[PDB]
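Ideal geometry is used to build each Cβ from the backbone, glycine not excepted, and the neighbour counts take in all protein chains shown. Just so you know, all these numbers are worked out from the coordinates, no wet-lab data involved.
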Amino acid sequence: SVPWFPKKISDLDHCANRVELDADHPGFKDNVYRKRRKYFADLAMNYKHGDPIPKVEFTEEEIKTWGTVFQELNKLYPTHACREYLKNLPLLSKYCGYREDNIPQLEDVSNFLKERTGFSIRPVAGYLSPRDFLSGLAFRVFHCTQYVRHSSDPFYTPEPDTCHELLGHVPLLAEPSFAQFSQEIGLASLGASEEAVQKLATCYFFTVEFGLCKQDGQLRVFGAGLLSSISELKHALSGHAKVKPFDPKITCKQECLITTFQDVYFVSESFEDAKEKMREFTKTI
Ligand SMILES: Cn1c(=O)[nH]c(=O)c2c1nc(Cc1nc3cc(NC(=O)CC[C@@H](N)C(=O)O)ccc3[nH]1)n2Cc1ccccc1
Ligand SMILES: [Fe+3]
């Protein structure tokens, strides 16, 4: 039989909450950071569709961490990011307050995206099942972290944080072709088999999180996981990295690495082409 799936955007209230630092977390021994993280998780747990996303007063330390990462990544984007990223990034600086000394609010970003592509943000406490996470995309909802990485290492995070969301994900959700591509991953997942959902999540991971694209003959980055990580952003376009064409039947067999660089990156020819390839693929699963 078919598992429950959301039929309208407010139904995400029933799965957005179906989500403690792991031993190796840089804030693992810090009580104050631990408290701040509980503060953020509660905001997400108490959020209901229709609410304005609670605005957060970020600490001076949190803003410095953002500024440090932001400054270095922006040096690299012109020569590393795909053109769609570069086109949208300045609109966000203008309308959502992206600055070295200011962390943008998820509510302003959500309002900006609703205008551009109908995408919206939902604060999320932590990891959801792939079924639940992808189901949000069906309604152009991106489940998004609101907390900031620990200040001890601004250049590394073992998990998505809001720097990753804002710098890695948001500029492409503002792009119509990318937004369509993403939504169709969500739509395909609704009520799909467990196997199909895992395959869709892996395709998502190697496009939305770690995808490369070819533009005017050059390899560029569009994956959010690359766009928010200085070392892997550089590595991915280095001579050494193993690169293959995006092909869902093959890509979906690849393991998704969390604690290390990826072993392989997949190149999409364009968002339109990736979208077409997923359409062909979803027919088979
Ligand atoms: C597939 N899926 C799923 O099934 N359920 C979800 O809940 C889910 C999800 N995918 C996401 C979004 C996501 N972005 C990621 C980005 C990375 N990697 C990086 O950012 C590399 C950065 C780092 N090494 C650095 O130092 O910069 C790893 C995992 C990620 N998951 N999420 C949301 C989410 C929210 C909190 C924790 C985990 C996942
Ligand atoms: Fe991500």
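Filter region 69-98 for residues that are of a type in the set (S, T, Y), under 18 Å from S229 (Cβ atoms) and assigned to a helix (DSSP H, G or I) and give the result. Let's see the steps before the verdict.
Here is the first cut: in region 69-98, the residues of a type in the set (S, T, Y) are 77, 79, 85, 93, 95, 98.
Among the residues that remain, those that are also under 18 Å from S229 (Cβ atoms) are: 77, 79, 85, 98.
Across region 69-98, the qualifying residues are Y77, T79, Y85.
In region 248-263, which residues are more than 16 Å from ligand 2 (Cβ to nearest atom) and surrounded by 15 or more Cβ atoms within 10 Å (Cβ to Cβ)?
Correct list: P248, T251, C252, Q254.
Can you pull out the residues in region 206-232 that are more than 22 Å from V69 (Cα to Cα) and touching a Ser or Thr at 6+ places or on another chain (Cβ under 9 Å)?
Listed by number, the residues that qualify are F206, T207, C213, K214, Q215.
Taking the criterion of being more than 18 Å from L233 (Cβ to Cβ), in a helix (DSSP H, G or I) and in contact with a strand residue (DSSP E or B) (Cβ under 7 Å, 6 or more places away or on another chain), would at least one residue in region 117-140 satisfy it?
Yes, region 117-140 contains a residue that is more than 18 Å from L233 (Cβ to Cβ), in a helix (DSSP H, G or I) and in contact with a strand residue (DSSP E or B) (Cβ under 7 Å, 6 or more places away or on another chain).
Looking for something of a type in the set (S, T, Y), closer than 20 Å to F5 by Cα and not in a helix (DSSP H, G or I) - is there at least one such residue anywhere in region 142-163?
The answer is no; no qualifying residue exists.
In region 151-162, which residue that is near ligand 1 (Cβ under 8 Å from one of its atoms) and of a type outside the set (D, E, K, R) is surrounded by the most Cβ atoms within 10 Å (Cβ to Cβ)?
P160
Here's a check for you: in region 213-223, which residue that is surrounded by fewer than 24 Cβ atoms within 10 Å (Cβ to Cβ) and of a type outside the set (D, E) is farthest from ligand 2 (Cβ to nearest atom)?
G217
If a residue must be part of a loop (DSSP other than H, G, I, E, B), crowded, with 18+ Cβ neighbours inside 10 Å and in contact with a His (Cβ under 8 Å, 6 or more places away or on another chain), how many such residues does region 230-247 contain?
1
Return the total of residues in region 185-211 being more than 15 Å from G168 (Cβ to Cβ), within 16 Å of ligand 2 (Cβ to nearest atom) and of a type in the set (A, V, I, L, M, F, W, C).
4
With the structure loaded, tell me whether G168 is within 15 Å of ligand 1 (Cβ to nearest atom) and not hydroxyl-bearing (S, T, Y) or whether it fails that test.
Against the criterion (within 15 Å of ligand 1 (Cβ to nearest atom) and not hydroxyl-bearing (S, T, Y)), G168 qualifies.
From the list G211, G217, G239, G225, exactly one residue is closer than 24 Å to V148 by Cβ and not acidic (D, E). Which is it?
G225
Per-residue answers, yes or no, for (1) more than 15 Å from the chain's Cα centre (by Cα); (2) more than 19 Å from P130 (Cα to Cα); (3) not acidic (D, E):
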| residue | (1), (2), (3) |
| --- | --- |
| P176 | yes, yes, yes |
| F206 | no, no, yes |
| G223 | no, no, yes |
| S228 | no, yes, yes |
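Do the conditions hold for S110, that is, is it within 12 Å of ligand 1 (Cβ to nearest atom) and either within 14 Å of the chain's Cα centre (by Cα) or in a helix (DSSP H, G or I) (or both)?
Working: within 12 Å of ligand 1 (Cβ to nearest atom): no; either within 14 Å of the chain's Cα centre (by Cα) or in a helix (DSSP H, G or I) (or both): yes.
No; evaluated as a whole, the condition is false for this residue.
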